[PDB]
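Taking it in order: structure first as structure tokens, then the write-up.
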Amino acid sequence: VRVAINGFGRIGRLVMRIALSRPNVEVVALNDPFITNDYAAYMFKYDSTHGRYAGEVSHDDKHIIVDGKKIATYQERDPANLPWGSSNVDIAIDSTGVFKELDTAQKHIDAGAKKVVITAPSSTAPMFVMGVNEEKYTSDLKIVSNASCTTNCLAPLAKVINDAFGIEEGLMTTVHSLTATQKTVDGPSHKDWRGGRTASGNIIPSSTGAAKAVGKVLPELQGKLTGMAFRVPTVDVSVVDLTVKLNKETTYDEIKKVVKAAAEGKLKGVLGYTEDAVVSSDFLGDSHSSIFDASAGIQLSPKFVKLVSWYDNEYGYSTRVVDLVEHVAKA
């Protein structure tokens with residue numbers, strides 16, 4: 001599979017790290033109109049959260065070069081002007097968050113790419129979550145979306161719980177690490193007043209659609225889940241706090257066994273399970289979409305339970321993007 005990456009923010013860079021480790025993926029090009037090759041090489045190489053790239057990174061006038069792989073770079077504002085066809089690009093991966101609808105992402109196809117994978121939720125493009133609805137993908141679909149990181153954490157667990165005990169209703173809280181939209185000291189954030197306030201000295205309440213977005217990937221849960229978020233001053237790794245009213249009576253011990261079986265079975269690698277005394281930093285660079293915290297969870301009555309699942313909001317999601325990429329080309 002020959003891929004190009006559009007955008008070089010958190011998602012863009014990490015998708016590149018992971019893609020470069022996939023033997024069947026070839027990373028042909030990178031587009032980012034707002035950085036030069038030396039800066040791109042720098043940004044890729046040093047990471048405050050995930051460490052130094054273990055390998056040699058450098059650049060010339062037309063490439064970022066990593067361990068012998070030259071990756072051509074482009075500085076195009078309009079993705080239509082990109083030489084994807086001429087470069088024979090199987091899949092364009094859009095990590096910019098501004099080409100995320102069927103008509104806007106279409107520009108990569110126009111430019112020559114065969115398919116597009118979008119690294120944000122979409123209104124128009126069909127959404128997929130590995131281990132949730134990937135079978136529902138079909139080869140004629142040219143533009144898909146990988147949903148969101150919080151969605152990738154909630155959906156796989158929610159499916160497991162609903163299939164096994166039924167979800168009548170659920171209210172979710174995500175305790176979320178800092179993100180790039182936040183400010184270092186109280187600053188302007190016109191659409192999201194709270195999100196403008198000093199990131200590292202606040203618990204910051206935030207609205208999030210990810211809980212209803214489970215509705216789109218699992219239609220059987222439409223309108224049964226919503227939630228909210230608290231942004232806290234950790235730099236990465238977030239956790240889902242799911243308060244769910246069940247349909248069938250069950251022990252907590254039974255929930256544990258069902259989830260663990262799913263972790264070891266069909267959801268291996270997407271959904272994880274632990275019983276150990278873990279904290280957020282224990283999940284830095286973990287590639288699971290969702291890691292179930294068995295000890296942190298608490299059951300009140302036999303149909304009323306609180307489930308806790310971790311996710312590295314940057315790395316898990318980025319691995320899923322690459323998973324979706326390989327899956328979509330396998331078709």
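Going through the structure tokens in order, the chains are called A, B, and so on, while each chain numbers its residues from 1 and the ligands are numbered from 1 in the order shown.
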
If you count only C-alpha atoms, which residues fall within 8 Å of residue A:95, apart from same-chain ones fewer than 4 positions away, as a ChimeraX atom specification?
/A:5-9,11-12,118-120

Could I get the residues of stretch 230-264 of chain A with an atom no further than 12 Å from an atom of stretch 209-212 of chain A, each paired with its nearest atom pair and that distance in Å to one decimal, using only C-alpha atoms, sorted by chain and residue number, as CSV?
```
residue,atom,partner,partner_atom,distance
A:240,CA,A:211,CA,10.4
A:241,CA,A:211,CA,11.3
A:242,CA,A:211,CA,10.0
A:243,CA,A:211,CA,11.9
```

Need to verify the contact set: residue A:67, 9 Å, only C-alpha atoms, exclusion of same-chain residues closer than 6 positions in sequence. Can you return it as a VMD selection string?
chain A and resid 55 to 58

Store the residues of this selection in a file with C-alpha atoms, as a short mmCIF file (atom, residue, chain, number, x, y, z; two decimals), in the first residue's frame.
```
data_model
loop_
_atom_site.label_atom_id
_atom_site.label_comp_id
_atom_site.auth_asym_id
_atom_site.auth_seq_id
_atom_site.Cartn_x
_atom_site.Cartn_y
_atom_site.Cartn_z
CA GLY A 55 16.44 6.04 13.74
CA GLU A 56 18.13 8.59 11.49
CA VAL A 57 16.10 11.55 10.36
CA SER A 58 17.35 14.15 7.93
#
```

Picked from stretch 142-326 of chain A by DSSP as strand (DSSP E or B), as number ranges by chain
A: 143-145, 167-177, 204-207, 225-232, 238-246, 271-274, 290-293, 298-301, 304-311

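In this comparison, which uses only C-alpha atoms, the residue of A:250, A:318, A:21, A:49 approaching residue A:281 most closely is A:49.
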
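With only C-alpha atoms as the basis for measurement, A:217 is the residue among A:217, A:322, A:30, A:91 that approaches residue A:135 most closely.
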
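With only C-alpha atoms as the basis for measurement, A:14 is the residue among A:22, A:14, A:68, A:223 that approaches residue A:46 most closely.
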
Show me, as a compact mmCIF listing (two decimals) with N, CA, C and O atoms, in the first residue's frame, the residues that have an atom within 8 Å of residue A:187 when counting only C-alpha atoms, minus same-chain residues fewer than 2 positions from it.
```
# COMPACT_ATOMS: atom_id res chain seq x y z
N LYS A 183 -4.87 26.61 25.62
CA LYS A 183 -3.89 27.70 25.74
C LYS A 183 -3.03 27.51 26.98
O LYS A 183 -3.49 26.97 28.00
N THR A 184 -1.79 28.00 26.91
CA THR A 184 -0.85 27.84 28.03
C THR A 184 -1.20 28.76 29.20
O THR A 184 -1.06 28.37 30.36
N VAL A 185 -1.66 29.97 28.89
CA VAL A 185 -2.22 30.87 29.88
C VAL A 185 -3.56 31.40 29.36
O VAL A 185 -3.74 31.49 28.15
N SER A 189 -10.49 32.08 23.01
CA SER A 189 -11.06 30.85 22.48
C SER A 189 -12.56 31.08 22.32
O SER A 189 -13.37 30.57 23.09
N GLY A 196 -10.21 28.21 26.59
CA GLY A 196 -9.20 29.25 26.52
C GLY A 196 -8.40 29.43 27.81
O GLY A 196 -7.39 30.15 27.85
N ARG A 197 -8.81 28.77 28.88
CA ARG A 197 -8.25 29.10 30.16
C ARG A 197 -7.00 28.26 30.40
O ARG A 197 -6.88 27.16 29.87
N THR A 198 -6.06 28.80 31.20
CA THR A 198 -4.80 28.12 31.46
C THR A 198 -4.97 26.60 31.52
O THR A 198 -5.65 26.07 32.40
```

For the alpha helix (DSSP H) assignment from backbone DSSP, which residues of stretch 52-126 of chain A qualify? Please present them as a list in words.
residues 84, 85, 86, 87, 106, 107, 108, 109, 110 and 111 of chain A

Store the residues picked out above in a file with N, CA and C atoms, as an mmCIF file, in the first residue's frame.
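And here is the file that came out, again-v5.cif:
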```
data_model
loop_
_atom_site.group_PDB
_atom_site.id
_atom_site.type_symbol
_atom_site.label_atom_id
_atom_site.label_comp_id
_atom_site.auth_asym_id
_atom_site.auth_seq_id
_atom_site.Cartn_x
_atom_site.Cartn_y
_atom_site.Cartn_z
ATOM 1 N N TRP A 84 -0.702 13.096 -6.685
ATOM 2 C CA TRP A 84 -0.981 11.756 -6.149
ATOM 3 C C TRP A 84 -1.070 10.698 -7.241
ATOM 4 N N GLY A 85 -1.684 11.064 -8.366
ATOM 5 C CA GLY A 85 -1.879 10.136 -9.478
ATOM 6 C C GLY A 85 -0.541 9.753 -10.061
ATOM 7 N N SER A 86 0.260 10.782 -10.336
ATOM 8 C CA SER A 86 1.596 10.626 -10.893
ATOM 9 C C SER A 86 2.532 9.859 -9.948
ATOM 10 N N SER A 87 2.295 9.989 -8.642
ATOM 11 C CA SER A 87 3.102 9.294 -7.633
ATOM 12 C C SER A 87 2.535 7.913 -7.351
ATOM 13 N N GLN A 106 -12.793 14.797 -1.316
ATOM 14 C CA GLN A 106 -12.825 14.490 -2.753
ATOM 15 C C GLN A 106 -11.599 15.030 -3.511
ATOM 16 N N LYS A 107 -11.060 16.152 -3.037
ATOM 17 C CA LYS A 107 -9.890 16.788 -3.648
ATOM 18 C C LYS A 107 -8.660 15.872 -3.779
ATOM 19 N N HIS A 108 -8.505 14.922 -2.862
ATOM 20 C CA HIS A 108 -7.401 13.971 -2.953
ATOM 21 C C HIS A 108 -7.626 12.999 -4.093
ATOM 22 N N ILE A 109 -8.883 12.596 -4.282
ATOM 23 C CA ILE A 109 -9.257 11.714 -5.387
ATOM 24 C C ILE A 109 -9.006 12.435 -6.718
ATOM 25 N N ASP A 110 -9.517 13.666 -6.829
ATOM 26 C CA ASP A 110 -9.293 14.504 -8.001
ATOM 27 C C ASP A 110 -7.802 14.518 -8.348
ATOM 28 N N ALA A 111 -6.963 14.672 -7.320
ATOM 29 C CA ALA A 111 -5.514 14.786 -7.481
ATOM 30 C C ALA A 111 -4.881 13.473 -7.921
#
```

Residue A:207: which residues within 12 Å, counting only C-alpha atoms, same-chain residues fewer than 5 positions away excluded, as a PDB file with N, CA and C atoms, in the first residue's frame?
```pdb
ATOM      1  N   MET A 172     -21.465   9.142  29.879  1.00  0.00           N
ATOM      2  CA  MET A 172     -20.022   9.025  29.845  1.00  0.00           C
ATOM      3  C   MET A 172     -19.303  10.319  30.215  1.00  0.00           C
ATOM      4  N   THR A 173     -18.216  10.191  30.974  1.00  0.00           N
ATOM      5  CA  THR A 173     -17.272  11.276  31.186  1.00  0.00           C
ATOM      6  C   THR A 173     -15.911  10.828  30.694  1.00  0.00           C
ATOM      7  N   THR A 174     -15.263  11.636  29.863  1.00  0.00           N
ATOM      8  CA  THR A 174     -13.836  11.420  29.598  1.00  0.00           C
ATOM      9  C   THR A 174     -12.959  12.429  30.359  1.00  0.00           C
ATOM     10  N   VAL A 175     -12.021  11.908  31.147  1.00  0.00           N
ATOM     11  CA  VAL A 175     -10.981  12.737  31.764  1.00  0.00           C
ATOM     12  C   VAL A 175      -9.839  12.783  30.759  1.00  0.00           C
ATOM     13  N   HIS A 176      -9.714  13.934  30.116  1.00  0.00           N
ATOM     14  CA  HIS A 176      -8.934  14.066  28.910  1.00  0.00           C
ATOM     15  C   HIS A 176      -7.645  14.841  29.162  1.00  0.00           C
ATOM     16  N   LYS A 191     -15.192  30.345  20.567  1.00  0.00           N
ATOM     17  CA  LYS A 191     -16.272  29.366  20.439  1.00  0.00           C
ATOM     18  C   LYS A 191     -16.389  28.454  21.660  1.00  0.00           C
ATOM     19  N   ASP A 192     -15.381  28.495  22.523  1.00  0.00           N
ATOM     20  CA  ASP A 192     -15.246  27.559  23.627  1.00  0.00           C
ATOM     21  C   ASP A 192     -14.525  28.298  24.754  1.00  0.00           C
ATOM     22  N   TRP A 193     -15.268  29.091  25.511  1.00  0.00           N
ATOM     23  CA  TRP A 193     -14.681  29.986  26.508  1.00  0.00           C
ATOM     24  C   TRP A 193     -13.801  29.263  27.530  1.00  0.00           C
ATOM     25  N   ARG A 194     -14.258  28.102  27.988  1.00  0.00           N
ATOM     26  CA  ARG A 194     -13.545  27.373  29.023  1.00  0.00           C
ATOM     27  C   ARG A 194     -12.233  26.877  28.460  1.00  0.00           C
ATOM     28  N   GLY A 195     -12.258  26.477  27.201  1.00  0.00           N
ATOM     29  CA  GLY A 195     -11.085  25.935  26.542  1.00  0.00           C
ATOM     30  C   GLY A 195      -9.948  26.925  26.340  1.00  0.00           C
ATOM     31  N   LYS A 212     -22.405  10.344  21.351  1.00  0.00           N
ATOM     32  CA  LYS A 212     -23.435  10.180  20.328  1.00  0.00           C
ATOM     33  C   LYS A 212     -22.867   9.576  19.023  1.00  0.00           C
ATOM     34  N   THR A 226     -24.846   9.540  25.709  1.00  0.00           N
ATOM     35  CA  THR A 226     -24.219  10.847  25.551  1.00  0.00           C
ATOM     36  C   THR A 226     -23.230  11.059  26.692  1.00  0.00           C
ATOM     37  N   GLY A 227     -22.478  12.149  26.627  1.00  0.00           N
ATOM     38  CA  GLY A 227     -21.458  12.398  27.622  1.00  0.00           C
ATOM     39  C   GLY A 227     -20.859  13.780  27.609  1.00  0.00           C
ATOM     40  N   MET A 228     -19.781  13.927  28.370  1.00  0.00           N
ATOM     41  CA  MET A 228     -19.063  15.195  28.512  1.00  0.00           C
ATOM     42  C   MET A 228     -17.586  14.900  28.783  1.00  0.00           C
ATOM     43  N   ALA A 229     -16.788  15.956  28.919  1.00  0.00           N
ATOM     44  CA  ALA A 229     -15.348  15.798  29.150  1.00  0.00           C
ATOM     45  C   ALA A 229     -14.802  16.777  30.188  1.00  0.00           C
ATOM     46  N   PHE A 230     -13.792  16.332  30.927  1.00  0.00           N
ATOM     47  CA  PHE A 230     -12.985  17.207  31.777  1.00  0.00           C
ATOM     48  C   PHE A 230     -11.551  17.176  31.282  1.00  0.00           C
ATOM     49  N   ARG A 231     -11.065  18.313  30.786  1.00  0.00           N
ATOM     50  CA  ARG A 231      -9.667  18.406  30.334  1.00  0.00           C
ATOM     51  C   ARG A 231      -8.788  18.772  31.518  1.00  0.00           C
TER      52      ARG A 231
END
```

Excluding residue A:258 and its own-chain neighbours fewer than 4 positions away, which residues fall within 8 Å of it when counting only C-alpha atoms? Please give them as JSON, numbers by chain.
{"A": [160, 164, 254, 262]}

For residue A:263, list every protein, DNA or RNA residue within 9 Å, evaluated using only C-alpha atoms, and leave out those in the same chain fewer than 6 positions away; present the list as an mmCIF file with N, CA, C and O atoms, in the first residue's frame.
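Heads up, here's the output in result.cif:
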```
data_model
loop_
_atom_site.group_PDB
_atom_site.id
_atom_site.type_symbol
_atom_site.label_atom_id
_atom_site.label_comp_id
_atom_site.auth_asym_id
_atom_site.auth_seq_id
_atom_site.Cartn_x
_atom_site.Cartn_y
_atom_site.Cartn_z
ATOM 1 N N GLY A 269 -5.766 -6.598 20.577
ATOM 2 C CA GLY A 269 -4.995 -5.526 19.957
ATOM 3 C C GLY A 269 -5.757 -4.226 19.854
ATOM 4 O O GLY A 269 -5.155 -3.174 19.700
ATOM 5 N N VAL A 270 -7.082 -4.297 19.928
ATOM 6 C CA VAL A 270 -7.911 -3.109 19.893
ATOM 7 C C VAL A 270 -8.413 -2.827 21.307
ATOM 8 O O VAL A 270 -8.407 -1.688 21.781
ATOM 9 N N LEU A 271 -8.834 -3.875 21.987
ATOM 10 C CA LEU A 271 -9.359 -3.715 23.318
ATOM 11 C C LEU A 271 -8.486 -4.480 24.285
ATOM 12 O O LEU A 271 -8.194 -5.671 24.078
ATOM 13 N N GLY A 272 -8.073 -3.798 25.344
ATOM 14 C CA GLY A 272 -7.169 -4.390 26.304
ATOM 15 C C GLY A 272 -7.837 -4.538 27.640
ATOM 16 O O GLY A 272 -8.902 -3.979 27.899
ATOM 17 N N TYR A 273 -7.204 -5.302 28.505
ATOM 18 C CA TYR A 273 -7.787 -5.591 29.788
ATOM 19 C C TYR A 273 -6.661 -5.628 30.789
ATOM 20 O O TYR A 273 -5.586 -6.180 30.519
ATOM 21 N N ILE A 291 -8.323 0.382 26.862
ATOM 22 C CA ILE A 291 -7.811 -0.570 27.863
ATOM 23 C C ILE A 291 -8.690 -0.547 29.120
ATOM 24 O O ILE A 291 -8.688 0.408 29.890
ATOM 25 N N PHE A 292 -9.446 -1.622 29.301
ATOM 26 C CA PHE A 292 -10.398 -1.763 30.402
ATOM 27 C C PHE A 292 -9.694 -1.879 31.747
ATOM 28 O O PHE A 292 -8.879 -2.766 31.960
#
```
